[PDB]
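Participant: once you've seen the sequence and the experimental structure below, I've got questions.
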Amino acid sequence: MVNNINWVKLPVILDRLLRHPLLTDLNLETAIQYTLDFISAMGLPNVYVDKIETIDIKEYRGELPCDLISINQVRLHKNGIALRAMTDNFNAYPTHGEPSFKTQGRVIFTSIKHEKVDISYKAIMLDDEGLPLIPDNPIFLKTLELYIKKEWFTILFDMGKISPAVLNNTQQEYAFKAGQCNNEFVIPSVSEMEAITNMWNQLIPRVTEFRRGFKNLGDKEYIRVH
Amino acid sequence: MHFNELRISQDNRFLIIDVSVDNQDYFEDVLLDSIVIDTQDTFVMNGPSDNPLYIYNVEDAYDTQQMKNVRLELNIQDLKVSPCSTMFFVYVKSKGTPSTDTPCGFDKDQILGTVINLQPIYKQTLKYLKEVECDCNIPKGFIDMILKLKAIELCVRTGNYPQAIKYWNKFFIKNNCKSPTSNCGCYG
Amino acid sequence: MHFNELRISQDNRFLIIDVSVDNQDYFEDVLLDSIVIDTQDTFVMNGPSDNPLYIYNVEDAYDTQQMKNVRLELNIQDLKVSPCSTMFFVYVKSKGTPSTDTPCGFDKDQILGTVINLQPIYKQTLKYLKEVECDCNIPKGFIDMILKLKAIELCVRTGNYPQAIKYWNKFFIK
Amino acid sequence: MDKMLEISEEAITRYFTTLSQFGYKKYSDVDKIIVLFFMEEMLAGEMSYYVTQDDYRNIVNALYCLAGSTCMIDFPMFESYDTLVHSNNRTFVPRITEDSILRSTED
Amino acid sequence: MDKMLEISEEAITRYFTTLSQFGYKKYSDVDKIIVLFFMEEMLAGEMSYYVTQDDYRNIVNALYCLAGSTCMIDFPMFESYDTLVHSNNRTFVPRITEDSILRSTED
Amino acid sequence: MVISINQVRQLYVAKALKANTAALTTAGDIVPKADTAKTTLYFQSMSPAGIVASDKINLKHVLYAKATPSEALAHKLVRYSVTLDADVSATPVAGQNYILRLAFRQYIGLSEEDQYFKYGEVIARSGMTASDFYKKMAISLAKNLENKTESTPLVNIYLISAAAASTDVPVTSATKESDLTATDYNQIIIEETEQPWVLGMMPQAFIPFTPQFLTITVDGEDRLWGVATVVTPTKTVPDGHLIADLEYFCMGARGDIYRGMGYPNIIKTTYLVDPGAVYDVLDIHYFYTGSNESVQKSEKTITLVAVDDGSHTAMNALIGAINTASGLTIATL
Amino acid sequence: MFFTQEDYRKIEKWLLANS
Amino acid sequence: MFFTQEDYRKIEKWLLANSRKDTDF
Amino acid sequence: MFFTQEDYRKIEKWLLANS
Amino acid sequence: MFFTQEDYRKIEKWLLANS
Amino acid sequence: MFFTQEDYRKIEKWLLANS
């Protein structure tokens, strides 16, 4: 992302929606739901807060933090070796190698019995109130406004209170701005393009940045002169 | 003439006044005549109003250094006014004649000094105090409170008392304060 | 009991303390007791702290009306503190019972007076005015300094010395 | 102290006044109320004997973070007669137009 | 000085007059008001004793950047009777048509 | 003596404060000079052959400027309380040889491998009280240690009675049994002595020791005889001989490096420190940085020394004069 | 009002000094 | 510097820890 | 704190109060 | 400022008043 | 009216000259 994620409170979207006389019955209760829906449907990683938190494994199982939504990586606390997805179907079940993990709910199923693991996970930036906190990027705000507008007009059109042309125009505008926001939050910055360039041009390829925490994904690959 | 201590007690009981004629020998003859107390509701442009809040003649006492310096500890409940929502005008009249060769203007028989309870205004300003910490934002409440106080301050120092009353009525007439408990809180 | 002058000398070498007892008739029995100096490091809300910077007992000087007025001039370098980056707290005590006719709230043995050096503030204002002379634009640091000074004034006059020191240390030292 | 009492009473009274007017107070501020009254009962109980003056300094400087944090907690006002710049009411009285070997003199 | 007081009183009176008619003044102008009354306070107190004539020059030249900056601060008017081109009211009084050795001559 | 230096050390003696260079009249004067812009500090000092300054201290490049009192450079001459160990026998056992060994450790050479051993001896007899024992052993310890014919002064040896118990009666090689007339002696005090001192050639160095006892049989067992406990010292050597050697070394940094090598042919430097008075020390330690890629510090120090009169008035006037001219927070001691 | 440990130490030491 | 009954109670509870009775000799 | 003497006298007065 | 002599005399007069 | 330091130097020096 070229731009920065300056955070603002949720009713900044209701500043903008309620200009429209047909969206005057929207509330913070509706804003919260549709904003979470938009955050998830877009799936932009720059909107989440990067956090690292260590837990202990009792026996191939560990308690997971409360605010976790996705896991960037899991590693062993003492070695630093990263973990992979567990393809095994019989992990903690005995009969009569390289470590791995799996996460479903509040439980993480590792292949280690008793060890501490570091989890780099993503969460949502919250407000002083326990509510989501949205970027103030006007592209993001306009796209979220159009999302909420499109949902409300879909309801009104199912009722027959909106002309079909109106809903078609709203959907068209929302589709274009959804593409625009997706590209805005995804296209690399200049500093990120240096990382991508250092990853791309490698006379001797580096294919083991997963073992580390992708620390050296972006380091330059310096060849000595002979 | 000049003011030594002109203040309201922070317990919101006593309007403290302490006047003393100048120590310079020009004014050796002049003596204090009376103390007249006015409020923003009983204020007139020139001289005290004909319906003041309190009168105190100095000569109804020991009659000379005692006459040159006078002090009062007026309790505000006897005055039937609110300590915090009131702005007092203290007029001091002198009886005598200053000896000749004094530079003119020094021979002003009358002097005026106002009074306000600054504690409730500090109570209001503390609400916006922490805006100073928060950078990226203008501390607008802090600035507004400071300018509100300094409007009264400057309008007093320039003698523009009517606009001072107008600003006091606009801003601070609705001030609240904890009325002092009559049973004297005992300590020492 | 009150302060006559509580100032740091213009030469930045002495800390002037000139205390007096009020002239009203019923502090005749009341005298001056001691002078305790504290800095922003050793202050405590409940009176002077332990291990203070400088304690002074006033019977030592004299050998009774002389004891009602006191004047001190402390060489600040002898106190082993920086005159420019130090905020002194000056306590005073009475050791005396007033009469029984005292109006309520006036009988208080202790007072306090805060001290700082105005020379660095004067130099900062001069520097900011010099900046203003060039292109006639107000630097925002100047307004920040003004408002933070006013914040410390409000904290001092309301007695909120902890946050006052917090602002002092955070802004006018570091 | 006798003042942590007043601040705590004011804070919780304001809390329940808000819950009377509205039906919601930020739990980020209920945390501050909890810390405040927990500290006051800590300091007005049998655990006030374990505090040094350094601990007192730390406790006061940590409680002052709660001062203007929310409307429930306010900056306390104490009886103060000081300021950063004091007034000079000393008077000048020389002796019959005299001086010392270097400087002026008074009574 | 006695004139910084007048300028500041006028400036804040105009400020609150605008806040009475309107509900907004530029905070870029409130900053100039703040500078003005801070200087007024500092020069009219115990802080003026550190002022040299160079400091006075710099202070005045910095304050005159505020002169016509806003409507609140206005150019002060002083009592002056001069100009860049002064008048010539001298009179010519020749004596007995008398030229001197080279120059002419009057009384 | 030779000291360690942090690349230089130069000493100035502050015999006077004259506040300007036009009042420097006698030798050893000091003014701390600085300008209005407090960036350079230097000391126009009046030498015995003209006015001389120091290297110019950049006041952004000071590291520590600490002044020390004269009580902090006094070597405390350690003592030992030699008594009878009451566990073995409260009385001297009437047939045994009671021998005490003093193990000196710096002898005539510095290393702890150069040693020297002296002894005191008393045959204990029947009816000999403990006070008659300490009267007999402090004499025998003085006849070996406080002798007139030894090469160097080793120890000073006293007796302490039980009545006074604070004053020490000196016992020497000439004191007889009739001079020490007291029946309540309870310890023998063995105190260090100040060794001879020569300016520049023989430094101030001391001889430590340890009073060690020998074994005397009681009921067949060869039990160590006594106990020696280090009591707090009450006599200190002054600072007169360390600062007198300190002017002798640091004058070779500002002046001639050799001192007498070839004596028809030397530059006789006149020294200003009286070796018979106590002195305070002030050390301004600083450096010299440039403006390049080669910048960092050539570390230096300047020692100023003023006379100590008991309440440090001549030093605190120098600190009070440096604090106004330079604006440093040197602690007035 | 509030006491710390040191306040109690001073009070008790001053009691014992004069007893 | 006024003391209330509560402050004296704190002084009592502190001093009681240091003192004991005749029986405890 | 910095206790004055008279405060100490108050303390012992109130302690010998339960004498 | 120049402070011509009568200003100094005024200052003397005032100061010497409460002398 | 406004005094600088130099004004005070003038006044005080001239007063000592007349004492």
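Facilitator: Yes, it's here. Numbers count the residues shown, from 1 in each chain, chains lettered A, B, ... in the order given.
Participant: backbone phi and psi for the residue in chain G positioned nearest to chain H, please?
Facilitator: Per Cβ to the nearest Cβ, the residue of chain G with the smallest distance to chain H is residue G:8, at 4.5 Å. Every residue, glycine included, has its C-beta placed from N, CA and C. The phi and psi values for residue G:8, taken as degrees, to the nearest 10, are phi -60, psi -40.
Participant: please name the residues that touch it.
Facilitator: D:49, H:10, H:11, H:14 (Cβ atoms under 8 Å, 6 or more residues apart in numbering or on different chains).
Participant: and those as TSV, adding distance to residue A:61?
Facilitator: Below are the contacts of residue G:8 laid out as TSV (distance: Cβ to Cβ, whole Å):
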residue	distance to residue A:61
D:49	45
H:10	51
H:11	56
H:14	51
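Participant: for chain E, what's its nearest residue on chain B.
Facilitator: Closest point on chain B to chain E, by Cβ to the nearest Cβ, is residue B:154, at 4.3 Å.
Participant: with adjacent residues omitted, what lies nearest to that residue?
Facilitator: The shortest distance from residue B:154 to any non-neighbouring residue, by Cβ to Cβ, 6 or more residues apart in numbering or on different chains, is to residue E:9 (4.3 Å).
Participant: packing partners for the helix or strand that contains that neighbour?
Facilitator: According to DSSP states H and E, residue E:9 maps onto helix E:4-21. Applying 3 or more Cβ pairs under 8 Å, 6 or more residues apart in numbering or on different chains; DSSP states H and E, one finds that helix E:4-21 contacts helix B:140-157, helix E:27-43.
Participant: what angle do the next helix or strand along the chain from the last one and helix E:27-43 make?
Facilitator: Read that as helix E:27-43. Next along the chain after helix E:27-43, taking DSSP H and E as the criterion, comes helix E:53-63. Here the directions of helix E:53-63 and helix E:27-43 differ by 160 degrees (axes from the mean of the first three to the mean of the last three Cα atoms, to 10 degrees).
Participant: are helix E:53-63 and chain K in contact anywhere?
Facilitator: Yes. Counting by Cβ under 8 Å from any Cβ of the partner chain, contacts between helix E:53-63 and chain K involve E:53, E:55, E:56.
Participant: quick one, which of these are buried?
Facilitator: Buried members of those, scored by 16 or more other Cβ atoms under 10 Å in any protein chain shown, are E:55, E:56.
Participant: closest to residue A:189 out of the residues of helix E:53-63 next to chain K?
Facilitator: Closest to residue A:189 out of those is residue E:55 (49.0 Å), distances taken as Cβ to Cβ.
Participant: the residue nearest to residue B:154 - how many residues pack around it?
Facilitator: For residue E:9, the neighbour count with other Cβ atoms under 10 Å in any protein chain shown is 23.
Participant: who are the contact partners of residue 3?
Facilitator: Since no chain was named, I'll use chain A. Counted by Cβ under 8 Å, 6+ apart, residue A:3 has contacts A:137, A:184.
Participant: ah, no, chain G please
Facilitator: Counted by Cβ under 8 Å, 6+ apart, residue G:3 has contacts D:48, H:7, H:10, I:1.
Participant: you'd agree the last one is in a helix?
Facilitator: Yep, that's residue I:1 we're talking about. No. Under DSSP: H, G, I helix; E, B strand; the rest coil, residue I:1 falls outside any helix and is assigned coil.
Participant: what's the burial count for it?
Facilitator: 20.
Participant: measure it to residue D:59 for me?
Facilitator: 16 Å (Cβ to Cβ, to the nearest Å).
Participant: excluding sequence neighbours, find me the nearest residue to the residue in chain D that chain I sits nearest to.
Facilitator: Per Cβ to the nearest Cβ, residue D:53 is where chain D lies closest to chain I, at 8.6 Å. Counting by Cβ to Cβ, 6+ apart, residue G:4 is the residue found nearest to residue D:53 once chain neighbours are left out, at 5.1 Å.
Participant: next, the one you found: phi, psi?
Facilitator: Dihedral angles for residue G:4 - degrees, to the nearest 10 - are phi -110, psi -180.
Participant: OK, contacts around it?
Facilitator: C:46, D:51, D:52, D:53, D:55, D:56, I:1.
Participant: OK, contacts around the first one?
Facilitator: Same thing as residue C:46. So residue C:46 contacts D:56, G:1, G:2, G:4, I:1 (Cβ under 8 Å, 6+ apart).
Participant: next up, the contacts around the closest residue to the third one other than its chain neighbours.
Facilitator: To tie it back to what came earlier, the one meant is residue G:2. Excluding its sequence neighbours, the residue lying closest to residue G:2 (Cβ to Cβ, 6+ apart) is residue D:1, at 4.9 Å. By Cβ under 8 Å, 6+ apart, the contact list for residue D:1 reads D:40, D:43, D:44, G:1, G:2.
Participant: farthest-separated two in those residues?
Facilitator: Largest pairwise distance in the contacts of residue D:1, by Cβ to Cβ, is 14.1 Å, between D:40 and G:1.
Participant: which residue does chain A have closest to chain H?
Facilitator: Closest point on chain A to chain H, by Cβ to the nearest Cβ, is residue A:128, at 37.8 Å.
Participant: which one is that residue nearest to, not counting chain neighbours?
Facilitator: residue D:28 (5.1 Å).
Participant: hang on, that neighbour packs against residue D:34?
Facilitator: No. Using Cβ atoms under 8 Å, residue D:28 is not in contact with residue D:34, being 11.0 Å away.
Participant: who has more neighbours, these two?
Facilitator: residue D:28 (14 against 11).
Participant: so who does the more buried one touch?
Facilitator: Per Cβ under 8 Å, 6+ apart, neighbours of residue D:28: A:128, A:129, A:130.
Participant: and the last one, what is it in contact with?
Facilitator: Residue A:130 is in contact with D:27, D:28, counting by Cβ under 8 Å, 6+ apart.
Participant: roughly how far does it sit from residue D:28?
Facilitator: From residue A:130 to residue D:28 the distance is 8 Å (Cβ to Cβ).
Participant: swap in the second one?
Facilitator: Here the distance between residue A:129 and residue D:28 works out to 7 Å (Cβ to Cβ).
Participant: got it, and residue F:135?
Facilitator: According to Cβ to Cβ, residue F:135 stands 85 Å off from residue D:28.
Participant: same question for residue B:114.
Facilitator: Taking Cβ to Cβ, one finds residue B:114 at 44 Å from residue D:28.
Participant: residues touching the helix or strand where residue A:191 lies, excluding its own?
Facilitator: Secondary structure assignment for residue A:191, by DSSP H and E: helix A:190-200. Contacts of helix A:190-200 with the rest of the structure, by Cβ under 8 Å, 6+ apart, involve A:1, A:2, A:188, A:206, A:217, A:218, A:219, A:220, A:221.
Participant: greatest separation within these: which pair is it?
Facilitator: Counting by Cβ to Cβ, the most remote pair of these is A:2 and A:206, 26.5 Å apart.
Participant: skipping adjacent residues, who's closest to residue F:233 in space?
Facilitator: residue F:76 (3.7 Å).
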